[PDB]
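Trainee: Right, I'll just put the structure down here and ask away after.
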Amino acid sequence: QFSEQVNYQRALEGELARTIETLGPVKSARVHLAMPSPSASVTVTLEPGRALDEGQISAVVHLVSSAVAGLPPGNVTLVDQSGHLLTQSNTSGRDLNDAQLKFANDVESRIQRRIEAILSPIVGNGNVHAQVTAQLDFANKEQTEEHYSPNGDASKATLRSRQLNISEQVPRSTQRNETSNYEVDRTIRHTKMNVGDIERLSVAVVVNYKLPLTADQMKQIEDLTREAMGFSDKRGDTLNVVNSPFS
Amino acid sequence: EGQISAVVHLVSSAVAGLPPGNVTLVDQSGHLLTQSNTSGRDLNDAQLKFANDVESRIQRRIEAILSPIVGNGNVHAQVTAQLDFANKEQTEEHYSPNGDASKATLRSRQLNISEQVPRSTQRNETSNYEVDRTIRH
Amino acid sequence: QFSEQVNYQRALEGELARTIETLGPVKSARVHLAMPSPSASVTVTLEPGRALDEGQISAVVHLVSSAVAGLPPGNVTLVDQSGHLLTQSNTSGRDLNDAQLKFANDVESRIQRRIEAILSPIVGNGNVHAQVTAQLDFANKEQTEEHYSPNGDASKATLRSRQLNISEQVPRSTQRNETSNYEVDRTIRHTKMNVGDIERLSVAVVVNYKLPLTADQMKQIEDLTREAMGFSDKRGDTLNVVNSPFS
Amino acid sequence: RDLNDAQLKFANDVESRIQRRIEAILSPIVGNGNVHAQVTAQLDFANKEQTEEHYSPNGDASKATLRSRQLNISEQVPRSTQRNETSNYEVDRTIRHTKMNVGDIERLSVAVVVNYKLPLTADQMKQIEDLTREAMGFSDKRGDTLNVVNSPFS
Amino acid sequence: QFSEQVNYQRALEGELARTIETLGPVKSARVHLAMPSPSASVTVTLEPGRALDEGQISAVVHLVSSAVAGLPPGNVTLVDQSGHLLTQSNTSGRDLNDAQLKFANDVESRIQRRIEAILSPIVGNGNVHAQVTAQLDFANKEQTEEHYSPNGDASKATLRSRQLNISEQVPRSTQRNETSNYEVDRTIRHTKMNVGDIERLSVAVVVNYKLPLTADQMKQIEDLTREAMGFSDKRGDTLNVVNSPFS
């Protein structure tokens with residue numbers, strides 16, 4: 001019975017490694033599974049003069065993470081024929097904050113590829129350079145408001161019961177007991193903020209000379225960038241565009 | 001979509017040690033054709049792929065509504081969409097004010113009254129209302 | 001008994017991969033299942049000089065997600081013969097929000113076709129362009145009104161019981177107790193609003209010259225689109241029609 | 001420590017990206033190799049949670065929300081008065097719950113050296129200080145510091 | 001039954017050692033497992049004239065840590081054909097304690113290279129030297145604040161209930177009872193400080209002559225290093241730059 005679930009695992013490993021071989025850059029793979037939480041360890045041997053890209057690693061990770069029951073992609077270990085541990089699950093100190101940087105690069109590559117594309121028509125193909133700096137927050141935040149419309153003013157309150165005794169005598173010994181049980185409006189917002197929104201932008205743009213561009217023409221080049229940025233001083237953004245000759 | 005990998009692998013392979021994830025293809029109209037998706041922050045790049053579409057559409061639209069007027073090459077427009085991805089709920093629970101007796105809705109009432117004569121009066125009164133109640137969610 | 005549910009899974013994998021082969025761009029597939037939450041990992045090898053489109057991926061995803069019991073399409077992993085993990089589901093984040101753009105495009109494509117089809121006869125086949133932008137609404141809103149009816153008036157109350165004690169001792173030491181137990185009219189609406197209704201429209205229409213167009217001639221062209229839109233000041237829809245020569 | 005020298009790799013990626021960005025934005029002006037910048041980042045690798053629980057002041061009755069209210073008001077007239085008054089309230093309550101990010105920049109220090117052309121003009125050097133002030137993300141509330149000097153290379 | 005889980009372990013060891021052989025610098029490996037917390041002990045025999053780098057060790061560690069069920073990478077032991085225990089999850093005495101010197105040397109290795117990199121342009125390639133001393137901090141520390149906003153002010157208090165009796169009699173026998181229950185906003189931070197931050201830097205910098213250097217030409221070199229350090233008087237840092245001819 002034990003050699004049943006072992007003669008099978010030895011076949012899975014030999015089948016999983018037959019596909020990773022039929023994958024292009026890989027010349028021969030060699031995978032071992034650790035099914036007891038599980039793990040795997042691929043040992044691809046890339047073709048002569050080749051190297052798996054950053055997105056070609058997840059190809060071989062998910063190719064094994066998914067073909068094995070209950071194996072997350074954080075347990076798969078990929079290694080070349082020259083050492084070079086390619087995965088980062090084994091180096092799970094953080095292994096997520098390279099993503100926090102690669103991501104915040106993509107957010108800034110866009111706002112740069114855009115500013116370079118809204119001014120290339122005006123000032124020519126390569127007479128403008130822009131570098132963006134974005135401060136992205138990654139605080140996993142939540143919230144829960146709970147409002148309550150004020151029923152202070154009687155004419156906008158919503159009574160549910162009301163016991164009102166009004167005694168009186170005449171030595172005018174009056175009396176007035178008055179209970180109440182209001183009902184209350186009640187909003188309940190429950191946000192859950194996004195992990196990675198932009199918190200502040202910083203854009204610096206240089207533009208070649210023509211000879212110096214017009215003072216007005218820079219004020220209009222500024223205004224385009226203020227839009228291609230999504231400039232919002234509420235976020236405390238900041239833009240600086242200077243005009244000076246190039247190399 | 002498959003003509004991009006033609007030009008990516010045409011360069012990724014002709015250069016020693018260059019994976020296809022590092023090649024960047026760009027047209028004569030901006031339009032970065034390749035991609036730099038990651039595997040760790042796999043959710044948040046979608047928040048960019050998506051937000052790129054939202055802006056790709058408003059851009060085509062403006063390029064398509066004005067190119068008739070000013071010509072098919074004399075206009076460019078870039079859009080920046082500050083999107084929102086905060087999973088958010090709400091539950092209003094409105095009521096209607098029933099202080100004005102003409103529009104209250106009693107369910108019970110116990111209006112004890114009295115008097116003597118030294119006008120030693122009295123007036124007890126209970127009341128139980130029913131209440132309009134909207135519940136948006 | 002174990003080699004029963006394993007000799008079978010090995011046949012499913014070999015059958016599932018025989019269909020993905022008979023699929024056009026695919027030259028040879030290779031699928032492994034991970035039935036215990038299950039998973040799969042297709043490894044298609046596209047024909048020389050081919051690439052699966054964005055909607056040709058869901059073809060191969062649902063082709064496997066459905067042929068396996070309890071396997072959602074968020075667990076299927078598709079990989080080419082050149083790495084290139086094609087599946088954008090491992091994220092499972094925004095496979096829905098892409099559909100909110102296809103939909104919002106169709107809604108706007110229809111109002112565009114209609115505005116072209118109504119004005120094409122008047123001003124000519126190609127002498128008009130229109131573009132529509134619709135702020136749709138995808139909030140899964142629900143509601144439960146519950147109205148009552150004001151029985152504060154005796155001439156429209158509905159007593160169910162009534163106990164009215166009226167003493168009097170003429171020093172007119174009168175007295176008057178009274179109870180009541182009304183029945184109440186009680187409406188209960190319960191909406192569950194629709195996901196994708198239009199919140200606001202915005203249409204821009206250009207019309208070629210002939211020579212300009214007459215004031216009234218435009219004033220009525222404006223009124224046509226105002227009906228082809230579905231224009232409603234309640235939603236605050238915006239229409240803007242201009243007349244300018246084409247090129 | 002294996003988990004703890006992954007903070008020097010991470011802090012060196014943050015610095016090397018700010019450094020590429022400063023050279024990439026000054027290389028057009030001063031020249032391809034007439035500028036060198038070095039950035040020092042103090043990062044925060046402390047885990048940190050938080051949980052506010054704000055309430056809204058209901059001391060003013062024109063903005064309170066009563067749930068109940070038993071107000072007795074006896075009075076005789078020698079003016080023996082009286083005025084009991086219970087009041088149950090409903091209170092507006094926000095509840096944030098942050099879990100701060102591990103690895104945010106706390107403070108930056110950037111040092112830039114630009115070659116000579118022959119010194120650069122005092123105006124041409126302010127517009128280099130200002131460009132660098134945007135490639136850093138210069139925030140004065142973080143206590144960022146920038147130093148650009150002009151001196152001939154070797 | 002026992003020779004079942006032993007004839008298997010002897011095969012795992014022989015399979016795991018067949019991959020580490022197909023790994024480049026390794027000529028022949030020899031691994032034993034200790035599955036009962038498990039452990040392993042690889043005994044690679046590198047090729048003639050080779051040595052595994054610092055990141056080539058984790059390649060062979062994770063190659064085994066992952067191929068064995070429940071084996072952390074802190075239990076794998078790698079040894080060459082010349083003694084030389086390569087892993088560091090085996091020293092009992094100073095494994096962590098010596099690491100605080102390896103680590104605190106890197107924090108100083110960088111700031112050293114940095115001050116050379118920034119100053120070598122100005123003063124010349126090899127006309128400067130810098131040595132850095134970093135008083136690090138490895139005290140595992142936690143914290144838990146719990147603040148409360150002061151509600152002594154009625155205008156910014158927040159009653160949850162309040163019972164306010166009053167009286168009088170006129171012999172002005174007055175009276176005033178008053179209960180109160182408040183709600184109190186309550187922040188709760190919970191830090192967990194980083195083990196390995198910097199307490200204080202001390203940097204010494206020597207620069208060659210040219211023929212000494214002037215005041216500003218020295219002062220600005222002081223200002224650069226003050227930035228290339230991360231100088232902040234809050235940490236009580238110390239910088240000393242001197243100009244003296246080399247030899």
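Residue names in the structure tokens use chain letters A, B, ... in the order shown, residue numbers from 1 in each chain, and ligand numbers from 1 in the order shown.
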Matching every Cα in sequence order between the two identical chains, what are the coordinates of chain A once fitted onto chain E? Write them as an mmCIF file with C-alpha atoms, in the first residue's frame.

Mentor:
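Dumped to selection.cif:
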```cif
data_model
loop_
_atom_site.group_PDB
_atom_site.id
_atom_site.type_symbol
_atom_site.label_atom_id
_atom_site.label_comp_id
_atom_site.auth_asym_id
_atom_site.auth_seq_id
_atom_site.Cartn_x
_atom_site.Cartn_y
_atom_site.Cartn_z
ATOM 1 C CA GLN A 1 5.617 -2.321 4.197
ATOM 2 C CA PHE A 2 8.767 -1.140 5.953
ATOM 3 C CA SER A 3 10.990 -2.169 3.043
ATOM 4 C CA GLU A 4 8.569 -0.047 1.014
ATOM 5 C CA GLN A 5 9.503 3.244 2.692
ATOM 6 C CA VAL A 6 13.165 2.156 2.718
ATOM 7 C CA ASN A 7 13.563 0.964 -0.856
ATOM 8 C CA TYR A 8 12.149 4.412 -1.663
ATOM 9 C CA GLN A 9 14.463 6.422 0.589
ATOM 10 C CA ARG A 10 17.416 4.561 -0.913
ATOM 11 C CA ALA A 11 16.230 5.788 -4.323
ATOM 12 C CA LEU A 12 15.756 9.387 -3.210
ATOM 13 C CA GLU A 13 19.318 9.394 -1.855
ATOM 14 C CA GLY A 14 20.550 8.010 -5.162
ATOM 15 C CA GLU A 15 18.533 10.535 -7.157
ATOM 16 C CA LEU A 16 19.456 13.526 -4.994
ATOM 17 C CA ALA A 17 23.120 12.587 -5.330
ATOM 18 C CA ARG A 18 22.819 12.328 -9.117
ATOM 19 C CA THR A 19 21.902 16.012 -9.397
ATOM 20 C CA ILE A 20 24.539 17.336 -7.011
ATOM 21 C CA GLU A 21 26.975 15.518 -9.289
ATOM 22 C CA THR A 22 25.643 17.524 -12.251
ATOM 23 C CA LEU A 23 26.480 20.783 -10.544
ATOM 24 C CA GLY A 24 29.906 21.924 -11.740
ATOM 25 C CA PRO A 25 32.553 21.902 -9.013
ATOM 26 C CA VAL A 26 31.165 18.665 -7.549
ATOM 27 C CA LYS A 27 32.647 15.473 -8.998
ATOM 28 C CA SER A 28 30.598 12.985 -6.969
ATOM 29 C CA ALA A 29 28.142 13.429 -4.110
ATOM 30 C CA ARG A 30 26.886 10.976 -1.510
ATOM 31 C CA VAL A 31 23.783 11.842 0.520
ATOM 32 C CA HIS A 32 22.065 9.976 3.357
ATOM 33 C CA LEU A 33 18.669 10.932 4.720
ATOM 34 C CA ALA A 34 17.416 10.512 8.270
ATOM 35 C CA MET A 35 13.647 10.614 7.841
ATOM 36 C CA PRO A 36 11.931 9.347 11.081
ATOM 37 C CA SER A 37 12.235 15.631 12.468
ATOM 38 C CA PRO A 38 14.648 14.678 9.491
ATOM 39 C CA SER A 39 18.232 15.370 8.481
ATOM 40 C CA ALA A 40 20.629 14.775 5.614
ATOM 41 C CA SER A 41 24.373 14.594 5.138
ATOM 42 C CA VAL A 42 25.817 15.379 1.737
ATOM 43 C CA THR A 43 29.432 14.375 1.180
ATOM 44 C CA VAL A 44 30.394 16.167 -2.035
ATOM 45 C CA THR A 45 33.804 15.425 -3.562
ATOM 46 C CA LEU A 46 34.796 18.587 -5.398
ATOM 47 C CA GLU A 47 36.641 18.498 -8.697
ATOM 48 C CA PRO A 48 40.461 18.634 -8.558
ATOM 49 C CA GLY A 49 41.392 22.157 -7.528
ATOM 50 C CA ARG A 50 38.065 23.680 -6.536
ATOM 51 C CA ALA A 51 36.198 24.897 -3.477
ATOM 52 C CA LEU A 52 32.563 25.814 -2.938
ATOM 53 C CA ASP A 53 32.028 29.511 -2.235
ATOM 54 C CA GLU A 54 29.899 30.877 0.603
ATOM 55 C CA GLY A 55 26.816 31.091 -1.618
ATOM 56 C CA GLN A 56 27.610 27.837 -3.375
ATOM 57 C CA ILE A 57 26.949 26.033 -0.086
ATOM 58 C CA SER A 58 23.337 27.184 0.137
ATOM 59 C CA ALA A 59 22.974 25.950 -3.438
ATOM 60 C CA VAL A 60 23.676 22.392 -2.281
ATOM 61 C CA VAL A 61 21.853 22.874 1.024
ATOM 62 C CA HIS A 62 18.576 24.063 -0.495
ATOM 63 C CA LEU A 63 18.998 21.531 -3.305
ATOM 64 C CA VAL A 64 18.434 18.874 -0.618
ATOM 65 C CA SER A 65 16.453 20.765 2.005
ATOM 66 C CA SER A 66 13.686 21.271 -0.566
ATOM 67 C CA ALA A 67 13.753 17.858 -2.251
ATOM 68 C CA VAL A 68 12.932 16.168 1.086
ATOM 69 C CA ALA A 69 9.639 16.580 2.923
ATOM 70 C CA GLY A 70 9.903 18.557 6.143
ATOM 71 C CA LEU A 71 13.684 19.034 6.093
ATOM 72 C CA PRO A 72 14.764 22.555 7.101
ATOM 73 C CA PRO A 73 18.093 23.856 5.774
ATOM 74 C CA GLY A 74 19.428 23.866 9.338
ATOM 75 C CA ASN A 75 19.631 20.064 9.331
ATOM 76 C CA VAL A 76 21.563 19.521 6.094
ATOM 77 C CA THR A 77 25.245 18.704 6.604
ATOM 78 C CA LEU A 78 27.734 19.283 3.792
ATOM 79 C CA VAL A 79 31.240 17.804 3.972
ATOM 80 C CA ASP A 80 34.044 17.757 1.407
ATOM 81 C CA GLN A 81 36.503 14.991 0.563
ATOM 82 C CA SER A 82 38.947 16.643 2.985
ATOM 83 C CA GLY A 83 36.831 16.791 6.118
ATOM 84 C CA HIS A 84 35.920 20.461 6.275
ATOM 85 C CA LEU A 85 32.327 20.574 7.508
ATOM 86 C CA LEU A 86 30.979 23.376 5.313
ATOM 87 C CA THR A 87 27.605 23.911 6.984
ATOM 88 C CA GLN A 88 27.091 25.500 10.429
ATOM 89 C CA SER A 89 23.789 23.791 11.420
ATOM 90 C CA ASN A 90 25.991 21.125 13.101
ATOM 91 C CA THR A 91 27.803 24.033 14.779
ATOM 92 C CA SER A 92 24.593 25.687 15.965
ATOM 93 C CA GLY A 93 26.032 27.373 19.017
ATOM 94 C CA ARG A 94 24.790 30.559 17.428
ATOM 95 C CA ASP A 95 25.544 30.078 13.679
ATOM 96 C CA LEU A 96 23.453 33.221 13.173
ATOM 97 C CA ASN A 97 25.943 35.781 14.440
ATOM 98 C CA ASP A 98 28.296 35.248 11.558
ATOM 99 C CA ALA A 99 25.334 36.591 9.594
ATOM 100 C CA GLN A 100 24.961 39.533 11.975
ATOM 101 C CA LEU A 101 28.545 40.408 11.060
ATOM 102 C CA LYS A 102 28.413 39.683 7.341
ATOM 103 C CA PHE A 103 25.250 41.769 7.168
ATOM 104 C CA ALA A 104 26.697 44.718 9.084
ATOM 105 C CA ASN A 105 29.585 44.496 6.638
ATOM 106 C CA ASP A 106 27.230 44.915 3.690
ATOM 107 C CA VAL A 107 25.546 47.914 5.310
ATOM 108 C CA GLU A 108 28.966 49.520 5.616
ATOM 109 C CA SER A 109 30.297 48.418 2.236
ATOM 110 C CA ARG A 110 27.476 50.388 0.622
ATOM 111 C CA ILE A 111 28.024 53.639 2.510
ATOM 112 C CA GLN A 112 31.691 53.265 1.616
ATOM 113 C CA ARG A 113 31.253 52.387 -2.059
ATOM 114 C CA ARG A 114 28.988 55.426 -2.194
ATOM 115 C CA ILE A 115 31.302 57.963 -0.561
ATOM 116 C CA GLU A 116 34.093 56.639 -2.753
ATOM 117 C CA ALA A 117 31.822 57.301 -5.741
ATOM 118 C CA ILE A 118 30.673 60.831 -4.885
ATOM 119 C CA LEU A 119 34.217 62.106 -4.324
ATOM 120 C CA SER A 120 36.147 60.205 -6.989
ATOM 121 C CA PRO A 121 34.910 62.783 -9.541
ATOM 122 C CA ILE A 122 36.130 65.717 -7.454
ATOM 123 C CA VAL A 123 39.493 64.509 -6.153
ATOM 124 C CA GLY A 124 40.359 61.894 -8.766
ATOM 125 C CA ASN A 125 40.038 58.149 -8.930
ATOM 126 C CA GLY A 126 42.170 56.965 -6.031
ATOM 127 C CA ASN A 127 42.933 60.013 -3.905
ATOM 128 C CA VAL A 128 40.222 59.275 -1.342
ATOM 129 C CA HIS A 129 39.628 56.469 1.130
ATOM 130 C CA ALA A 130 36.717 56.025 3.496
ATOM 131 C CA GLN A 131 35.932 53.436 6.140
ATOM 132 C CA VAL A 132 32.510 53.229 7.752
ATOM 133 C CA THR A 133 31.573 51.881 11.167
ATOM 134 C CA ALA A 134 27.907 51.083 11.739
ATOM 135 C CA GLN A 135 26.326 49.961 15.001
ATOM 136 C CA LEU A 136 23.304 47.907 14.001
ATOM 137 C CA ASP A 137 20.786 46.871 16.621
ATOM 138 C CA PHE A 138 19.288 43.395 16.414
ATOM 139 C CA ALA A 139 16.939 43.508 19.395
ATOM 140 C CA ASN A 140 13.667 41.879 18.396
ATOM 141 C CA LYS A 141 11.525 44.698 19.734
ATOM 142 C CA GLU A 142 7.781 45.264 19.778
ATOM 143 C CA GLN A 143 5.438 47.919 21.125
ATOM 144 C CA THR A 144 1.797 48.726 21.703
ATOM 145 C CA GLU A 145 0.678 52.240 22.412
ATOM 146 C CA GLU A 146 -2.890 52.967 23.382
ATOM 147 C CA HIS A 147 -3.873 56.614 23.469
ATOM 148 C CA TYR A 148 -7.077 58.106 24.831
ATOM 149 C CA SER A 149 -8.070 61.607 23.829
ATOM 150 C CA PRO A 150 -8.737 63.519 27.071
ATOM 151 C CA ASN A 151 -12.436 64.255 27.515
ATOM 152 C CA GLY A 152 -11.864 66.547 30.473
ATOM 153 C CA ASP A 153 -13.429 69.583 28.810
ATOM 154 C CA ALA A 154 -17.170 68.957 28.567
ATOM 155 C CA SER A 155 -17.531 70.726 25.225
ATOM 156 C CA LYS A 156 -15.302 68.079 23.638
ATOM 157 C CA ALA A 157 -16.622 65.022 25.477
ATOM 158 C CA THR A 158 -18.880 62.357 23.988
ATOM 159 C CA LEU A 159 -21.571 61.434 26.475
ATOM 160 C CA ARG A 160 -23.402 58.163 26.044
ATOM 161 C CA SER A 161 -25.837 58.522 28.928
ATOM 162 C CA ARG A 162 -26.335 61.211 31.529
ATOM 163 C CA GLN A 163 -28.607 61.168 34.559
ATOM 164 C CA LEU A 164 -28.782 64.613 36.145
ATOM 165 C CA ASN A 165 -31.009 65.224 39.158
ATOM 166 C CA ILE A 166 -31.214 68.796 40.454
ATOM 167 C CA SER A 167 -33.275 69.149 43.592
ATOM 168 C CA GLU A 168 -33.715 72.450 45.413
ATOM 169 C CA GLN A 169 -35.533 74.037 48.337
ATOM 170 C CA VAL A 170 -35.983 77.408 49.999
ATOM 171 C CA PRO A 171 -32.561 77.288 54.286
ATOM 172 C CA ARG A 172 -31.496 76.733 50.675
ATOM 173 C CA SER A 173 -31.071 72.954 50.796
ATOM 174 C CA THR A 174 -29.905 72.329 47.242
ATOM 175 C CA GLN A 175 -28.816 69.008 45.706
ATOM 176 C CA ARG A 176 -27.229 67.836 42.448
ATOM 177 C CA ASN A 177 -26.587 64.228 41.483
ATOM 178 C CA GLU A 178 -25.104 63.670 38.057
ATOM 179 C CA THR A 179 -23.960 60.370 36.606
ATOM 180 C CA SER A 180 -22.303 60.032 33.198
ATOM 181 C CA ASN A 181 -20.953 57.408 30.838
ATOM 182 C CA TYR A 182 -18.566 58.869 28.339
ATOM 183 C CA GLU A 183 -17.330 57.350 25.138
ATOM 184 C CA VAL A 184 -13.650 57.719 24.432
ATOM 185 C CA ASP A 185 -11.442 58.135 21.402
ATOM 186 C CA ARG A 186 -8.876 55.373 21.317
ATOM 187 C CA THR A 187 -5.823 55.044 19.101
ATOM 188 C CA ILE A 188 -4.028 51.712 19.180
ATOM 189 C CA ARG A 189 -0.651 51.646 17.487
ATOM 190 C CA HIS A 190 1.135 48.328 17.372
ATOM 191 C CA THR A 191 4.648 48.495 15.994
ATOM 192 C CA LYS A 192 7.079 45.650 15.462
ATOM 193 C CA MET A 193 10.492 47.156 14.887
ATOM 194 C CA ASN A 194 12.934 46.039 12.229
ATOM 195 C CA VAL A 195 15.799 43.722 13.140
ATOM 196 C CA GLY A 196 18.847 45.445 11.723
ATOM 197 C CA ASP A 197 18.199 49.163 11.467
ATOM 198 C CA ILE A 198 21.179 51.500 11.763
ATOM 199 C CA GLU A 199 21.672 52.906 15.252
ATOM 200 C CA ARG A 200 24.827 54.988 14.836
ATOM 201 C CA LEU A 201 27.343 55.692 12.101
ATOM 202 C CA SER A 202 31.032 56.521 12.177
ATOM 203 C CA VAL A 203 32.774 57.559 8.971
ATOM 204 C CA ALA A 204 36.435 58.444 8.522
ATOM 205 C CA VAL A 205 37.578 59.881 5.200
ATOM 206 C CA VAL A 206 41.113 60.649 4.047
ATOM 207 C CA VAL A 207 41.866 62.633 0.897
ATOM 208 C CA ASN A 208 45.208 63.009 -0.854
ATOM 209 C CA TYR A 209 46.883 66.347 -1.359
ATOM 210 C CA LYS A 210 46.766 68.080 -4.731
ATOM 211 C CA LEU A 211 49.720 70.105 -2.079
ATOM 212 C CA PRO A 212 47.043 70.887 0.509
ATOM 213 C CA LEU A 213 43.464 71.327 -0.638
ATOM 214 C CA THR A 214 41.662 74.563 0.139
ATOM 215 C CA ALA A 215 40.100 74.966 3.567
ATOM 216 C CA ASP A 216 36.820 75.726 1.811
ATOM 217 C CA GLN A 217 37.256 72.813 -0.593
ATOM 218 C CA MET A 218 37.410 70.510 2.421
ATOM 219 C CA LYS A 219 34.294 72.093 3.895
ATOM 220 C CA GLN A 220 32.502 71.172 0.681
ATOM 221 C CA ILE A 221 34.027 67.690 0.570
ATOM 222 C CA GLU A 222 32.756 67.347 4.120
ATOM 223 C CA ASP A 223 29.232 68.341 3.114
ATOM 224 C CA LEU A 224 29.044 65.761 0.333
ATOM 225 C CA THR A 225 30.035 63.025 2.770
ATOM 226 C CA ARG A 226 27.512 64.295 5.296
ATOM 227 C CA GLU A 227 24.901 63.532 2.631
ATOM 228 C CA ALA A 228 26.272 60.286 1.220
ATOM 229 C CA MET A 229 26.305 59.108 4.836
ATOM 230 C CA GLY A 230 22.761 59.954 5.664
ATOM 231 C CA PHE A 231 24.243 61.892 8.562
ATOM 232 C CA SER A 232 21.633 62.496 11.261
ATOM 233 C CA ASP A 233 22.911 63.791 14.589
ATOM 234 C CA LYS A 234 19.680 62.527 16.160
ATOM 235 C CA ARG A 235 21.270 59.097 15.776
ATOM 236 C CA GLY A 236 24.490 60.517 17.201
ATOM 237 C CA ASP A 237 26.437 59.982 13.994
ATOM 238 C CA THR A 238 29.972 61.287 13.601
ATOM 239 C CA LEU A 239 32.082 62.193 10.583
ATOM 240 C CA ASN A 240 35.773 63.036 10.404
ATOM 241 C CA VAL A 241 37.498 63.968 7.147
ATOM 242 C CA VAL A 242 41.194 64.820 7.083
ATOM 243 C CA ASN A 243 43.436 65.877 4.213
ATOM 244 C CA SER A 244 47.005 64.581 4.171
ATOM 245 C CA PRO A 245 49.435 63.262 1.550
ATOM 246 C CA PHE A 246 49.430 59.589 0.682
ATOM 247 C CA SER A 247 52.273 57.079 0.388
#
```

Trainee: Only residues of chain B matter here; which ones have an atom within 8 Å of chain A, counting only C-alpha atoms? Give them as an MDAnalysis selection string.

Mentor: chainID B and resid 16:22 29:30 36:41 44:45 48 76:82 84:100 118:131

Trainee: Write out the residues from the selection above, keeping C-alpha atoms, as a short mmCIF file (atom, residue, chain, number, x, y, z; two decimals), in the first residue's frame.

Mentor:
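Result file out-v9.cif:
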```cif
data_model
loop_
_atom_site.label_atom_id
_atom_site.label_comp_id
_atom_site.auth_asym_id
_atom_site.auth_seq_id
_atom_site.Cartn_x
_atom_site.Cartn_y
_atom_site.Cartn_z
CA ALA B 16 23.63 36.20 -25.58
CA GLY B 17 21.81 35.76 -22.29
CA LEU B 18 18.80 37.95 -23.12
CA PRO B 19 15.49 36.45 -21.97
CA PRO B 20 12.32 37.46 -23.84
CA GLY B 21 11.10 39.20 -20.69
CA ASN B 22 13.63 42.00 -21.18
CA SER B 29 2.88 55.88 -31.99
CA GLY B 30 4.03 55.10 -28.48
CA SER B 36 6.64 43.66 -17.69
CA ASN B 37 4.19 41.60 -15.54
CA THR B 38 5.55 40.15 -12.27
CA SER B 39 4.83 36.98 -10.30
CA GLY B 40 4.85 38.30 -6.72
CA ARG B 41 2.63 41.37 -7.08
CA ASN B 44 -1.66 44.72 -8.59
CA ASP B 45 -0.28 44.54 -12.12
CA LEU B 48 -2.57 48.40 -14.18
CA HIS B 76 -2.69 62.90 -30.07
CA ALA B 77 -4.29 62.45 -26.69
CA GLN B 78 -3.21 60.72 -23.50
CA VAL B 79 -5.53 59.98 -20.58
CA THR B 80 -4.80 59.34 -16.91
CA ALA B 81 -7.55 57.58 -14.99
CA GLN B 82 -7.26 57.71 -11.21
CA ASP B 84 -10.60 53.09 -7.42
CA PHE B 85 -10.16 49.52 -6.22
CA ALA B 86 -11.34 49.75 -2.61
CA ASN B 87 -13.75 46.92 -1.87
CA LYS B 88 -16.49 48.94 -0.25
CA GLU B 89 -19.96 48.25 1.09
CA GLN B 90 -22.69 50.27 2.75
CA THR B 91 -25.97 49.83 4.56
CA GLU B 92 -28.21 52.81 4.89
CA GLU B 93 -31.23 52.40 7.10
CA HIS B 94 -33.44 55.42 6.71
CA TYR B 95 -36.61 56.12 8.65
CA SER B 96 -39.33 58.53 8.25
CA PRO B 97 -39.96 61.25 10.82
CA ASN B 98 -43.30 60.74 12.52
CA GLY B 99 -43.30 63.69 14.89
CA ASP B 100 -46.11 65.41 12.99
CA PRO B 118 -58.85 74.00 41.70
CA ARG B 119 -58.51 72.52 38.22
CA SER B 120 -56.67 69.36 39.32
CA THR B 121 -56.39 67.91 35.82
CA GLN B 122 -54.23 65.05 34.48
CA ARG B 123 -53.47 63.50 31.10
CA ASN B 124 -51.58 60.25 30.67
CA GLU B 125 -50.90 58.95 27.18
CA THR B 126 -48.96 56.01 25.85
CA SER B 127 -48.35 55.47 22.16
CA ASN B 128 -46.80 52.80 19.98
CA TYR B 129 -46.04 53.75 16.42
CA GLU B 130 -45.13 51.91 13.29
CA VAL B 131 -42.34 53.38 11.23
#
```

Trainee: Mind checking DSSP for segment 37-112 of chain B and telling me the alpha helix (DSSP H) residues as an NGL selection string?

Mentor: :B and (46-70)

Trainee: Got a sec: who's within 6 Å of segment 33-40 of chain D, counting only C-alpha atoms, leaving out chain neighbours fewer than 3 positions off, as a list in words?

Mentor: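 Counting only the stated atoms, we get residues 15, 30, 108, 109, 110, 111, 112, 113, 114 and 115 of chain D; 230 of chain E.
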
Trainee: Those same residues, written as a compact mmCIF listing (two decimals), in the first residue's frame with C-alpha atoms?

Mentor:
```txt
# COMPACT_ATOMS: atom_id res chain seq x y z
CA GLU D 15 19.05 53.01 -3.85
CA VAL D 30 25.48 67.83 -18.38
CA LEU D 108 16.86 59.82 1.85
CA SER D 109 20.25 61.45 1.48
CA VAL D 110 21.50 62.07 -2.04
CA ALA D 111 24.90 63.41 -3.06
CA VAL D 112 25.41 64.55 -6.66
CA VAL D 113 28.66 65.61 -8.31
CA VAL D 114 28.53 67.26 -11.74
CA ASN D 115 31.60 67.81 -13.89
CA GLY E 230 23.23 59.04 5.94
```
